[PDB]
Amino acid sequence: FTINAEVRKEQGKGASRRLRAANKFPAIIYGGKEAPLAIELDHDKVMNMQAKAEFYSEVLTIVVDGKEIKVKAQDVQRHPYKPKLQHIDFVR
Amino acid sequence: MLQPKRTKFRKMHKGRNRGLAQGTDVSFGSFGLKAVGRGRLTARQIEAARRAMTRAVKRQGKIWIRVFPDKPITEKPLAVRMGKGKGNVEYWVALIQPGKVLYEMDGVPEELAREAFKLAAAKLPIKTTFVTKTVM
Amino acid sequence: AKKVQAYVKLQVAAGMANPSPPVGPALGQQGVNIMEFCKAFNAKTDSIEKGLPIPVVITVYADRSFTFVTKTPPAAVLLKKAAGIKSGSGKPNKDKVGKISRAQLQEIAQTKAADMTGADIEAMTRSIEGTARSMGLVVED
Amino acid sequence: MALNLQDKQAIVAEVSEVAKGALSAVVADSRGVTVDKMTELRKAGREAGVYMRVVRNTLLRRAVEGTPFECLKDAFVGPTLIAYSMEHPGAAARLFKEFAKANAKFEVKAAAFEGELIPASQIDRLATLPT
Amino acid sequence: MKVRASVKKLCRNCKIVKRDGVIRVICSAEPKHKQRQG
RNA sequence: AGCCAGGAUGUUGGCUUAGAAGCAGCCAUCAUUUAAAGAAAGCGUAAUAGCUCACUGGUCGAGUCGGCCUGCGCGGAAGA
Ligand SMILES: [Mg+2]
Ligand SMILES: [Mg+2]
Ligand SMILES: [Mg+2]
Ligand SMILES: [Mg+2]
Ligand SMILES: [Mg+2]
Ligand SMILES: [Mg+2]
Ligand SMILES: [Mg+2]
Ligand SMILES: [Mg+2]
């Protein structure tokens, strides 16, 4: 339950689709007094991760720039018909 | 055959079936028949696919129908010229965008829930898929 | 001892001599006649009990008659007079039909030991108890 | 078949029986009858109880993996079907002959009754045992 | 045989074969289950 | 992949006695002998019998399945 993830730089419709058509997908980490953090991460991992019921309950440690941030999945966007994720909201 | 019990207006415009669906998550039951394709389901098709599920799983289990028509479709009689009024309402349809869960089952095995939805999917025009009630 | 020459068994309650509607054709399907299963069949039916199904081997030969040795009546047909209810199964888990304890079935188990095959008495005990388990008789252990 | 652990359990169970044992006997029912099955194993009940595991699994590497650790002469017995009937009470019991005696009493054949290991011998019908 | 556009495995012994471009379903038990095309 | 290989005695068990009887309709879904076997997944029966599938298995010898995600193709595909 540990995933490496990159920091986003371009963010919008155009970037997110380019990203989402490259085996990755956008997510966001937020919580506490700190600012939110936009987080690009790989699809094929997190797709296999969510099959387990622990994923949507237990604490996940997301690795960003070396730093491991502790979070829980608060919300998630499925793709309308295809079995694949679009976006995840990680509460801290 | 499903149909609205009374309506504000008898006849409705054609409109356009665009965008993505809204009833995407499997809400009530365990399993569900999701519409991959785009189109419109007549009142007859829904009943025909319901009968095909209901009779496959027998008395046991429970079924939901998430789609309901509420859109009247007019049709002009044979050998009648154009104009001279909007045609008469023949049948009723439900507009189906991609993602829409049509049916949902509960209280049955996973292997025997699929076999039932194939028989339903065979009745429908739209290309469909099987979906399970996930968390979140 | 010979292999499968033919001998298949199949008969009703031993008291009912010369069965034509129950067995009939299958009794004298081979060269063995119908009349013998009446004189010779009731030779060892009268010793134990009548109104009871008891199996016998039917090793037919080219002579005329057949050699035979008997065995033992079935589990459930014994568990009508012994159990109490003439019926047995029907709807066991949905609706428990009856019940029997270990003390009766353990005692009834060892009386068939001439036919029954096993290591100890307690071995066959739980089997011959077991035969109750699916007549809606969840064993009262 | 189940995991490496489940199969290791079965062999490691068989190896512990050889540690607390002595005499053994082969048996091969090429044309077996389930009435015979309850004579040579019924015997085991007449001895005492369940412990006498016949264990018919002499595959070139299955029960012969336990061979290297316990009694190396049984590797040559591997060819053709064989069952390693391990004993427990009584040193050199009467369970060896009964397989040969049952073979006559309606059992078709019995591996040519070759035997296992007490003086490291081959096919010998031996009435000379402690009784 | 049948020349249906949706051939499929009917019984256990039915077997799918691609002969000369065409997909066939040859069977051992019932010669009825023999079927071409699709 | 094959493959001499096992895959039970009572269960005609009860229940609508026209038999349902491992495989039509009512649930149970025994436990023994055990290297194993569900009182049964399918075929076959007026029902049996008899073939098997899960499975103990005896061999050969290490890669095998069944789904997803799919980019190209295939059939479906008959007119003057
Ligand atoms: Mg409009
Ligand atoms: Mg809409
Ligand atoms: Mg909504
Ligand atoms: Mg007019
Ligand atoms: Mg040709
Ligand atoms: Mg594959
Ligand atoms: Mg294609
Ligand atoms: Mg043509």
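Derivation of every value follows stated rules applied to the coordinates shown; laboratory data play no part. Using ideal geometry, Cβ is built from the backbone for each residue, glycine included, and neighbour counts are taken over all protein chains shown.
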Practice prompt. Would you confirm whether any residue within the stretch D:49-57 is without any contact (Cβ under 8 Å) to a residue 12 or more places away in the chain and either touching a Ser or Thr at 6+ places or on another chain (Cβ under 9 Å) or over 30 Å from C:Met124 (Cβ atoms) (or both)?
Written response: no
Practice prompt. Only residues that are within 14 Å of chain C (Cβ to nearest Cβ), hydrophobic (A, V, I, L, M, F, W, C) and more than 13 Å from D:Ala28 (Cβ to Cβ): list them for the stretch D:100-131, please.
Written response: D:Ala104, D:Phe106
Discussion item. Within the stretch C:27-37, does at least one residue satisfy the condition of being more than 30 Å from D:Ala102 (Cα to Cα) and not in a loop (DSSP other than H, G, I, E, B)?
Written reply: yes
Worksheet, complete the sentence: Selection from the stretch A:61-76 of residues within 14 Å of chain B (Cβ to nearest Cβ) and surrounded by fewer than 15 Cβ atoms within 10 Å (Cβ to Cβ) yields A:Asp75
Discussion item. Go through (1) away from every other protein chain (no Cβ under 14 Å); (2) assigned to a loop (DSSP other than H, G, I, E, B); (3) closer than 19 Å to B:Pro125 by Cα for B:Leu20 and report which single condition fails.
Written reply: (1)
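Filter the stretch B:9-39 down to residues that are within 24 Å of B:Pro109 (Cβ to Cβ) and surrounded by fewer than 18 Cβ atoms within 10 Å (Cβ to Cβ) and give me whichever is farthest from ligand 1 (Cβ to nearest atom).
The selected residue is B:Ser30.
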Worksheet, complete the sentence: Every listed condition ((1) outside any loop (DSSP other than H, G, I, E, B); (2) in contact with a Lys or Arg (Cβ under 9 Å, 6 or more places away or on another chain)) holds for A:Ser57 save (1)
Worksheet item: When the stretch D:15-40 is examined, which residues are found to be over 21 Å from D:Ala110 (Cβ atoms) and either buried (at least 19 other Cβ atoms within 10 Å of the Cβ) or at the interface with chain C (Cβ under 10 Å from one of its Cβ atoms) (or both)?
Response: D:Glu17
Worksheet item: Going through the stretch D:41-74 one residue at a time, which ones are in a helix (DSSP H, G or I) and within 12 Å of chain C (Cβ to nearest Cβ)?
Response: D:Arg42, D:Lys43, D:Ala44, D:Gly45, D:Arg46, D:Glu47
Practice prompt. Quick one: B:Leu95 ticks every box in (1) within 16 Å of ligand 1 (Cβ to nearest atom); (2) in contact with a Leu (Cβ under 9 Å, 6 or more places away or on another chain); (3) in a loop (DSSP other than H, G, I, E, B) except a single one, so which number is it?
Written response: (3)
Practice prompt. Please name all residue pairs, on different chains or six or more residues apart, with Cβ atoms under 7 Å, provided the first residue is in the stretch A:34-50 and is more than 14 Å from chain B (Cβ to nearest Cβ) and over 16 Å from A:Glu68 (Cβ atoms) and the second residue is among the hydroxyl-bearing types (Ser, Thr, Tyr) and not in a loop (DSSP other than H, G, I, E, B).
Written response: A:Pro36/A:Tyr30
Worksheet item: Does B:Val26 satisfy the criteria of being within 16 Å of ligand 3 (Cβ to nearest atom) and in contact with a helix residue (DSSP H, G or I) (Cβ under 7 Å, 6 or more places away or on another chain)?
Response: no
Fill in: Single unsatisfied condition, D:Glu70 versus (1) in contact with a helix residue (DSSP H, G or I) (Cβ under 6 Å, 6 or more places away or on another chain); (2) closer than 26 Å to D:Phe106 by Cβ
(2)
Item to complete: For the stretch B:51-73, state whether one or more residues are away from RNA strand F (no atom under 16 Å from the Cβ), within 11 Å of the chain's Cα centre (by Cα) and within 14 Å of chain A (Cβ to nearest Cβ).
Response: no
Worksheet item: For B:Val131, which of the numbered conditions (1) within 14 Å of chain A (Cβ to nearest Cβ); (2) farther than 30 Å from A:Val91 by Cα fails to hold?
Response: (2)
Practice prompt. Specify which of the listed residues (C:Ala83, C:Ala132) is surrounded by 14 or more Cβ atoms within 10 Å (Cβ to Cβ), part of a helix (DSSP H, G or I) and within 18 Å of the chain's Cα centre (by Cα).
Written response: C:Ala132
Worksheet item: Quick one: B:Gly99 ticks every box in (1) surrounded by 18 or more Cβ atoms within 10 Å (Cβ to Cβ); (2) within 16 Å of ligand 2 (Cβ to nearest atom); (3) on the phi < 0 side of the Ramachandran plot bar one, so which box is it?
Response: (3)
